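A.B. asks: Can you look at this? It's an experimental structure, sequence on top.
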Amino acid sequence: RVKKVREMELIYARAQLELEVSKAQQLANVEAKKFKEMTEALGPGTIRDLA
Amino acid sequence: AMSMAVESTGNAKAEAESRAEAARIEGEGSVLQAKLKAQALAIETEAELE
């Protein structure tokens, strides 16, 4: 009884992990690409002077 | 003394063996209910698993 529940919750957790990592993945690619465009918009010396 | 010994041992063995027989019947009943409840749980949780 318990082993089937544990096994079923196990595969669900594995796929729920894929949900979590994909959420972290894509939300960071956009976070990094936006930072890519943000710092490219200003300029290498310009951002240094601003900071 | 012999009469008291046999009477007391009979009176004690009666109240002890009735308890033992009742406990044996309860043990057999309990293991059979354990099988039936095991089937019930193993099918309830299996369907609820789906």
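C.D. replies: Looks like it arrived, so ask away. Numbers count the residues shown, from 1 in each chain, chains lettered A, B, ... in the order given.
A.B. asks: The most centrally placed residue in chain A: which element?
C.D. replies: By C-alpha atoms, centre = their mean, chain A has its centre lying nearest to residue A:24, at 2.2 Å. Using DSSP states H and E, residue A:24 maps to helix A:2-42.
A.B. asks: Give me the helices and strands touching that helix, please.
C.D. replies: Contact here means 3 or more C-beta pairs under 8 Å, 6 or more residues apart in numbering or on different chains; DSSP states H and E; on that basis helix A:2-42 packs against helix B:2-49. For every residue, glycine as well, the C-beta is placed using N, CA and C.
A.B. asks: Just list what the helix it packs on packs against, helices and strands only.
C.D. replies: helix A:2-42.
A.B. asks: Report the distance from the helix it packs on to the chain centre.
C.D. replies: 5 Å (C-alpha atoms, centre = their mean, to the nearest Å).
A.B. asks: what angle sits between that helix and helix B:2-49?
C.D. replies: 40 degrees (axes from the mean of the first three to the mean of the last three C-alpha atoms, to 10 degrees).
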